[PDB]
Each structure stands twice: as structure tokens, then as C-alpha cells.
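Take a look at this single chain, the form deposited in one PDB entry, given in C-alpha cells.
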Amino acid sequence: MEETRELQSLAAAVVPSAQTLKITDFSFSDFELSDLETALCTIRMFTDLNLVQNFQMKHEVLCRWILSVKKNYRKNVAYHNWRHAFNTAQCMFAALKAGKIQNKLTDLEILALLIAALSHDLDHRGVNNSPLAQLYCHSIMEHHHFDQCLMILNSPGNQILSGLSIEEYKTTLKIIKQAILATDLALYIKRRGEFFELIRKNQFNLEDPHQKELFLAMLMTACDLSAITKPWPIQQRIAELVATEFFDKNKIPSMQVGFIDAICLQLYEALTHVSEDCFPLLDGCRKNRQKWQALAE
């Protein structure tokens, strides 16, 4: 089979260092990478976050899990596909390392963010595709993604959480679930005020469980949207993909400016306040606003 073949190549490979793979960079890009290569980067992300060790993940199982995740994104979807999930994970990784967020969180939280970033759009069909009620929003889409995530975590050969104790397992699933549900922009809009207001007053505090949970949610949105922060030539390219999905052009630049003002700037400003080293995200986002604004006329 084409697929057990893919599993063999992947399990046999030597995983280059994080530095060699450029996965520590906020300006990372996946355009020139093969599927196999994105899988290796992903293993390096688990490894250098020290998650394979702390939680005793078997190599064959992690490899199989990554391939399952990859397999359950649809390639025919121009933007909401595996590369988007892979990029969201890479940005999470870079915020934890380069952005120095790692030290602010527990191992279990880090574990759950990485998994959530990779799984958060599982089985997406495209924004233009959409039982009972369904009456009041409620993140139906994200519930589906999380269910997909859960089913893969429980598939034979795919159980990367088997090394956790039952109590750790339950805590981790809860975090994964909240994390995936947090990628619903509506929820993000609903909750950001609290977070901004708190940073305003220099009252923000990670020791408060309520605030921790709020921060993790903000963190997910920041990664989920991070394409908006990439170097111009790359951002233009990703914008291309999004437009293809949204519509299957003269108004696109102003749309981009609207999106950056409405959603992105404040979030990346807030994240910078929490950790100054996440500044490149904010900086990259500002430069892109300037560029799209110039096209907008």
C-alpha cells in the first residue's frame, strides 16, 4: 500500500534538528516542503518540546498519529487543509521557543496545545460548505473538529496519550477541547475584551486558572491566524489560497486591512505585552497592513 509505504519511510527517517528545519522562525514557510518533510518537522516539534520523553511516546505510534491527522484533512480544500494545520502548529512551536512562552506553561498544557493546533481544523470542507439545532451558534464546526481529533487519538496504533495516567489524560482532553473550541472566531470576539482589559490594568496573571485558560485561548487564535504575520511575498501567496477558498480581487486589499484592524493587531499587541519576544508576530502583521493599505488604492 502507498500508505504503509509512507509509514515506513517516515518511521525510518532521521529527524533533522529544529535549527536545520527552520521551525523556530516566526517567518517560516512550508511552500517548498514535501508532505514527508512536514511530517518530520512535526516529530521534531514534539521532540524538542520534550514531549516524547516526558510522556513516553513510542516512535511508530507518533508517526502513525501524524499520518492519520494529515490524512484527515482534505487536499482539495485550498486553505483549510493539512498545510494550514501544520503552520498553526509551527507558529505554536515558535511562540513557545523563540517567543519564550514555554516557561509560562505546564508540560500537559504544552502537549495539549501542540495536539490542538494540529487537529483544530480536522475534516474541514471549506468555508462555503455547511442536524437539529444548531439554534444558537455554539461552535458546531469546532465540535466536529474536536470529535475528529478524539477518534484519531483512540484509533489502534495511534494512541499518543497512552503514556499518560488517567488523571493526566482527562486534564489533557479538556485542554485540547477548550483549545479547539477557542479557534471559533465568535468565541474569540466574545472573550478578548476581558483579556485586553486585564492587560490594560497590568493585572494580568497566569497563576489564576481562569486567566490561564483565557490565555491559552488567545494563544490558539494567534497561531490560527499567523499567516497574516508572514513576510509580504509569503503573505500574498497565502492570501491567494484564502481567496480561492472564499470564492470557489480589487476589493481584496481593503478586506485584508479590515481583517487586520478588526481582529489581528490587538491580539498580537496583547501577546507582545505578555511576552516581548513574540514581537516579530506584531511587527510582521504591521508591515502587512502597510502593504495591503497601499494596494487598497
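Don't overthink the numbering: it's just position in the shown sequence, from 1. Here the rigid core means the biggest group of C-alpha atoms that line up within 1.5 Å when the two forms are laid on top of each other. Residues that one form lacks are left out of the comparison.
What comes next is about the form deposited in another entry, which does not appear here.
Once the two forms are fitted on their rigid core, between the shown form and the other one the CA displacement reaches 2 Å or more only for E142 among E213, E142, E168, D107. Relative to the superposed core, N202 undergoes a C-alpha shift smaller than 2 Å between the shown form and the other one. A displacement of 2 angstroms or greater separates the C-alpha positions of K75 between the shown form and the other one, with the rigid core held in common.
Between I110 and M141, the C-alpha separation grows by 3 Å or more in that other deposited form, relative to the conformation displayed. With a change of no less than 3 Å, the CA-CA distance between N154 and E142 is larger in that other deposited form than in the form shown.
At a threshold of 2 Å in C-alpha displacement, with the core superposed and only residues shared by both forms counted, the segments of at least 3 consecutive residues that shift between the shown form and the other one are, in sequence order, 74-76, 132-145.
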